[PDB]
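Notes for the structure review
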Amino acid sequence: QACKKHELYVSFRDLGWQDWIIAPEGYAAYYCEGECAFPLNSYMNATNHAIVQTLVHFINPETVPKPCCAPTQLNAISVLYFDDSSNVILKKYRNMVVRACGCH
Amino acid sequence: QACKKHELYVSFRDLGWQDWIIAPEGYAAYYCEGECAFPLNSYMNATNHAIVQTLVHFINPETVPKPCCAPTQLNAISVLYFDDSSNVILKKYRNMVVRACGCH
Amino acid sequence: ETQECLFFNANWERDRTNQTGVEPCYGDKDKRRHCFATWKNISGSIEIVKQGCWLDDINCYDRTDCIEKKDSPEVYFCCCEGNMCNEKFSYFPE
Amino acid sequence: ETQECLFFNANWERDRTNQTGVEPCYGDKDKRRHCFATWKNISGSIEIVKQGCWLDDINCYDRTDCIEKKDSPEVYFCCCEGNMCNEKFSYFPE
Ligand SMILES: *[C@@H]1O[C@H](CO)[C@@H](O[C@@H]2O[C@H](CO)[C@@H](O[C@@H]3O[C@H](CO[C@H]4O[C@H](CO)[C@@H](O)[C@H](O)[C@@H]4O)[C@@H](O[C@@H]4O[C@H](CO)[C@@H](O)[C@H](O)[C@@H]4O)[C@H](O[C@H]4O[C@H](CO)[C@@H](O)[C@H](O)[C@@H]4O)[C@@H]3O)[C@H](O)[C@H]2NC(C)=O)[C@H](O)[C@H]1NC(C)=O
Ligand SMILES: *[C@@H]1O[C@H](CO)[C@@H](O[C@@H]2O[C@H](CO)[C@@H](O[C@@H]3O[C@H](CO[C@H]4O[C@H](CO)[C@@H](O)[C@H](O)[C@@H]4O)[C@@H](O[C@@H]4O[C@H](CO)[C@@H](O)[C@H](O)[C@@H]4O)[C@H](O[C@H]4O[C@H](CO)[C@@H](O)[C@H](O)[C@@H]4O)[C@@H]3O)[C@H](O)[C@H]2NC(C)=O)[C@H](O)[C@H]1NC(C)=O
Ligand SMILES: *[C@@H]1O[C@H](CO)[C@@H](O)[C@H](O)[C@H]1NC(C)=O
Ligand SMILES: *[C@@H]1O[C@H](CO)[C@@H](O)[C@H](O)[C@H]1NC(C)=O
Ligand SMILES: *[C@H]1O[C@H](CO)[C@@H](O)[C@H](O)[C@H]1NC(C)=O
Ligand SMILES: *[C@H]1O[C@H](CO)[C@@H](O)[C@H](O)[C@H]1NC(C)=O
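Residues numbered from 1 in each chain as written, not as in the entry; some residues may be left out. Chains lettered and ligands numbered in written order. Heavy atoms only, no water. Residues with missing side-chain atoms left out of burial classes, pairs and counts.

The next subject is the relation of the copies chain B and chain A. In this structure, two copies of a chain are linked by a rotation about an axis accompanied by a shift along it. Aligned on chain A, chain B shows an RMSD of 0.0 Å; the corresponding rotation is 180 degrees and the shift along the axis is 0.0 Å. Those values place the two copies in the arrangement expected of a two-fold rotation axis. Residue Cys68 of chain B, judged by its C-alpha, is the member of chain B lying nearest the rotation axis, at 3.1 Å. Of the interface residues in chain B, 100% have counterparts in chain A that sit at the interface too, so the contact is made through matching surfaces. (Least-squares fit on C-alpha atoms. Contact = heavy atoms within 4.5 Å.)

Between chain B and chain A, the residue contacts involve 33 residues of the former and 33 residues of the latter. Summed over both partners, the interface of chain B with chain A buries about 2,200 Å², with 74% contributed by carbon and sulfur atoms. When residues of chain B are sorted by the area they lose upon contact with chain A, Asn48, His49 and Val52 of chain B head the list and together hold 23% of the total. Where chain B meets chain A, there are zero salt bridges. Taken together, chain B and chain A are joined by eight residue pairs in polar contact. Class assignment of the residues belonging to the side of chain B that touches chain A gives a composition of 23 nonpolar, seven polar and three charged. (Buried area = accessible area lost by both parts, 1.4 Å probe. Salt bridge = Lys/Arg side-chain N within 4 Å of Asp/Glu carboxyl O. Polar contact = N/O pair within 3.5 Å; in protein donor to acceptor, adjacent residues only side chain to side chain. Nonpolar A, V, L, I, M, F, W, Y, C, P; charged D, E, K, R; others polar.)

Looking now at helix α2 (residues 48–59) of chain A. With twelve residues, α2 of chain A should cover 16 Å at 1.5 Å per step; its first-to-last C-alpha distance of 17 Å lies within 8% of that length. For α2 of chain A, the full list of buried residues reads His49, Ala50, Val52, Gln53, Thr54, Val56 and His57 of chain A. (Helix = DSSP H or I, 4+ residues; strand = E, 2+ residues; numbered from the N terminus. Expected span 1.5 Å × (residues − 1). Buried < 20%, exposed > 50% of the residue type's maximum accessible area, 1.4 Å probe, protein only.)

A full pass over the atoms with the stated rule returns eight salt bridges over all chains. The shortest N-O distance in the salt bridge between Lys70 of chain C and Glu25 of chain B comes to 3.3 Å. Placement of the pair is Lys70 of chain C in the loop between β5 (66–68) and β6 (76–80) and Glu25 of chain B in the loop between β3 (21–23) and β4 (26–28), with the two residues belonging to separate chains. You can call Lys70 of chain C partly exposed: its relative accessible area is 36%. The salt bridge partner of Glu81 of chain D is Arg32 of chain D, with a shortest N-O separation of 2.3 Å.

The next subject is the UniProt feature "disulfide bond" in chain A. Residue and element names in this part refer to chain A. The sulfur-sulfur separation between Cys32 and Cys101, a disulfide according to UniProt, is 2.1 Å, below the 2.5 Å limit, so the bridge is formed here. Of the two residues, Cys32 sits in strand β5 (residues 31–33) while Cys101 sits in strand β7 (residues 88–103), which places them 69 residues apart along the sequence. When sorted by exposure, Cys32 lands in the same class as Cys101, which is buried. A sulfur-sulfur distance of 2.1 Å between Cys36 and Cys103 means the disulfide UniProt records for this pair is formed in the structure. Taken together, the residues span a long stretch of sequence, with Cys36 in the loop between β5 and α2 and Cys103 in strand β7 at a distance of 67 residues. The buried category is assigned to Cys103, whose relative accessible area is 0%. (Disulfide = S-S within 2.5 Å. UniProt positions renumbered as here; feature names shortened; annotations may be inferred.)

Residue and element names in this part refer to chain A. Taken together, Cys3, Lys5, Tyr30, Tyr43, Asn45 and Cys101 make up the full set of residues adjacent to ligand 1. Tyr43 has a polar backbone atom sitting 3.4 Å from a nitrogen atom of ligand 1. In the model, an oxygen atom of ligand 1 is placed 3.3 Å from a nitrogen or oxygen of the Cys101 main chain. Taken by itself ligand 1 offers 1,200 Å² of open surface, and the protein chains cover 28% of this. (Near = heavy atom within 4 Å. Areas by Shrake-Rupley, 256 points an atom, 1.4 Å probe, with all protein chains shown as cover.)

Here's what the structure looks like:
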C-alpha cells in the first residue's frame, strides 16, 4: 500500500530491441507504486508542494487528487549498441534506473 | 485527459493556519493531473525511466502501471509568520509552486 | 518589473544582516518579484518590522502602491510591484 | 569492488579519446561499477572494439571473469567486477 520502489527487469529482447542493443540484455529498472497519504511521513520523500496538496485533498478531496509516488532518484546505465553504419557504440543513458521513490 | 498543470489556490485560512502565517493569505499552488500515455510525446516532459516503463506497460499492463504526471519544476514562495516568541519571521519555502508537470 | 526593494530588518542584530539598504530582487523574467513591507502600528505610531523583496505572489500582482486591507491587524503587511515600491506604505480597509 | 578498468577504444581517432589506458570507474559506494569488453572474433582472429568501465548492471554482479555466453554473436561483449578484470576475456556458450 505505501509508496515503495518495486522490482521490474526490463528485457530489451522483449522490448523488441534485441537486434540493436548489444548489451546489456535487459536491466534492473524498477518502478514506484503505492499510496501517498495523510499524514504523509518521512520515507515518502515528499515535497512541500506535496504536503500542501495532500492536506488540500484531505479538506476537499474533491479538488486536487493525492500526489503520486514516482521516482525522485534515478541512475544511468550503459549500453552498447550498433549505429546505422554498424559501428559499435557505447553511451550511457541518464535516468533509467529508479534509485528511490517518493510523493510528488 | 493529457497530463497538464491545473490551477489550485491554497488558502492558509482554510488550511487552518490563519493565525500563524502573516502573509500571504494563500497562494497559487497548482497541481498536475492527466494521463501519461503511449506514445508519450514531447510536452510530457518524461524521463527515460518513464518511456521504458510506458512501453513495459504497453506490453504487459499487468506488470508495471503507467507513470504519473507530477511536477518536474517547482517554485518557492515567501512567507511571513510568527515564531513561538512572536517575533515576526520571513522565510522562503522551497518547492511550493508548481511551475511545470510531466511523466515520472 | 522590480529589480530592487527597500530592505529593512528589525532583527538585523540577531540575523546578522544589515539593518537597511537596497535589496536586489534577483528578478529575471521567469518568475516575478515584488517588494513588501510589514510593520506595526501602535496607535498611529508606526515601526517597521521588515521590508524587502518578495517571491512571486499572485496576491500582489498588478499592485503599484502598498495599501494593506485587513481590519486592525496584529501586524501590517503589504506588497507591491515596482522598484522600491515598498518605500512608503499605507492602510485602507475593505 | 572496481576502481578501474582497462580501457580501449577502436574508434579513438574519431572519438578523440586515447586509444588505451586505464579508465577510472569513479566507483564510490552508492552505485557499483564494472569493466567490460567487447570484441569481434573473425574466426579465432580477435580484435577488440571497446573495453572500459560499465555502470551498475545486475547482469554482471558477482562476476570475476569475462566469459561471454551467447551463441555465435555478431559482437562479443562481457563484463566482470574487479579491477582490470576486463584485461583478459573468454568465450563459453551455455
Ligand atoms: C525515500 O528515500 C529513501 C532513500 O533515500 C528510501 O529509503 C530506502 O528504502 C529502501 C527500500 O527499497 C532501502 O534499500 C533496501 O533496504 C532493505 C532493508 O534491509 C536492510 O536491513 C538489513 C538489516 O537487518 C541490512 O542488513 C541490509 O543492509 C539492508 O540494507 C534491503 O533488504 C530488504 O529485505 C526486506 C525483507 O526483509 C525487503 O522488504 C526489501 O525489498 C529488501 O529486500 C534491500 O535489499 C534488497 O533490495 C535491493 C534493491 O532495493 C537489492 O539490490 C538487494 O540485493 C536486496 O534484494 C534494500 O537495500 C534504502 O537503503 C533506503 N534508503 C535509506 C533509508 O538509506 C525510501 O524508499 C524513499 N521513500 C520511498 C517511499 O521510497
Ligand atoms: C513540459 O514543460 C513545459 C515547460 O517547460 C510545459 O509547457 C508549458 O505549457 C504551459 C501551459 O500550462 C505554458 O504556459 C501557458 O501558456 C498558455 C498558452 O498561451 C500562450 O499563447 C499565446 C499565443 O496566442 C501567447 O500570447 C501567450 O504569451 C501564452 O504564453 C497561456 O495562455 C493559455 O490560454 C489557454 C486557452 O487559450 C489555456 O489553455 C491555458 O491555461 C492558458 O491560460 C497560459 O497563461 C495562463 O496560465 C498562466 C499559468 O500557467 C497564468 O499565469 C496566465 O495569466 C494565464 O492565465 C500559460 O502562460 C508554458 O509556457 C509552457 N512552457 C513552454 C513550452 O515554454 C509543459 O506543460 C510541460 N508538460 C506538461 C505536461 O506540463
Ligand atoms: C496606523 O493606525 C492609525 C490609527 O492608529 C491609522 O489611521 C493609520 O492609517 C495607520 N497607519 C498605517 C500603518 O497605515
Ligand atoms: C573466437 O572464436 C573461436 C572460433 O572461431 C573460439 O573457439 C574462440 O574461443 C573465440 N574467442 C573468443 C572471442 O573468446
Ligand atoms: C550590508 O552588509 C554587506 C557587506 O558589505 C553590504 O555590502 C550590503 O550592502 C548590506 N546588506 C544587505 C542585506 O542589503
Ligand atoms: C589520454 O588523454 C589524456 C590527456 O592527458 C590522458 O591524460 C589520459 O590518461 C588518456 N585518456 C583516457 C580516456 O584514458
